[PDB]
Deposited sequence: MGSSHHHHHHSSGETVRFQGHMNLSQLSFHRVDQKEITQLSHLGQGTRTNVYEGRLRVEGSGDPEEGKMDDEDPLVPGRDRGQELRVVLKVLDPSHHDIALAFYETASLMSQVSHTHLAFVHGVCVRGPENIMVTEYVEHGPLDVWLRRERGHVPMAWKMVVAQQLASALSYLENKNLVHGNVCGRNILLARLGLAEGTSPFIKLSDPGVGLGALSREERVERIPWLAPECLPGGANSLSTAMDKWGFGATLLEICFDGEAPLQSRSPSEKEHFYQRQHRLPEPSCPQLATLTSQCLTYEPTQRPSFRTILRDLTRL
């Protein structure tokens, strides 16, 4: 990854929070986003650098760009500013008015980005609607949506059990104690089908953990065109999950 000097960046409005981060709009001497890591232990900073490294070594139409990292107790990932923000937020605002054909384009674009990652034997590890950014809305007639899958933030391996429980239903059950992205992908399809209302999201940490410990399965989507696909992706057996080559073909 590229090293960014603090003199080259300007920090503007707070956009929201990530895991152990604060996301701000900014300027790079370009409009960008600044992912400000909380004061952290070296294991966390390392997991943050590993993400910036992974995202700086990849290039795909549906993957967000990483400009670099600015490093005292402050670690800032300088990443792509995407026009319309998170998919989950947009789906809730547009609830009941999002056509099936629009959802199918998003699913295909997401499967495309994940197939590219799969071919290179790389793991994203944080696939959810929140990390899917809308570059184009595709609301006007003769237009379609355009997504950018955001960087996964602090790597999954560096997070606490409490943080992994907070990631349910997107977290693969084998991660509770490349196949994990197939589950993340399936849970994201359900979330898209239910207009940004993910299953179990409202439930308590104890309830979410019990759901996985008791091996319960996630609901079927309201969209029948994705029922088989989500059932195949959301199996507790990682080896039984289809490849993104198969998913992309089946879409």
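Residues of the deposited sequence that lack C-alpha coordinates fall in the stretches 1 to 28, 58 to 84, 127, 234 to 240, 315 to 317.
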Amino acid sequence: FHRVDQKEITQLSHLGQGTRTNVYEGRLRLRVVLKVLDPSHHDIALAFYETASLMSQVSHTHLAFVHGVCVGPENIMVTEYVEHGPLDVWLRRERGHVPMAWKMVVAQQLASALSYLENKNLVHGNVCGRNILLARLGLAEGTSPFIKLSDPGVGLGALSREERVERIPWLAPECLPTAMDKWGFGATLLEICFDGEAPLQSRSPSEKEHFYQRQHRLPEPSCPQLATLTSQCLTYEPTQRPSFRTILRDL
From here on, numbers count along this sequence of modelled residues.
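So that the term is clear: the rigid core is the largest set of C-alpha atoms that superpose within 1.5 Å between two forms.
Superposing on the core and measuring CA offsets in 9 other deposited structures of this protein, the stretch of 163 to 171 and 72 to 80 with the greater mean deviation is 72 to 80. Here 6 to 14 and 19 to 27 are compared by their mean Cα B-factor, and 6 to 14 comes out higher. In this entry, the higher average B-factor at the C-alpha atoms falls on 115 to 123, of the pair 115 to 123 and 131 to 139. The top Cα temperature factor in the record, among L87, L176, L149, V106, falls on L176.
Per the deposited record, the Cα B-factor of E197 falls in the middle third when ranked against the other modelled residues of its chain. Among the modelled residues of its chain, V32 has a C-alpha B-factor that falls in the lowest third, as given in the PDB entry. Ranked against the other modelled residues of its chain, the C-alpha B-factor of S56 as given in the entry falls in the highest third. Ranked by C-alpha B-factor against the other modelled residues of its chain, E83 falls in the lowest third. Placement of the Cα temperature factor of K208 within the chain: highest third of the modelled residues, per the deposited record.
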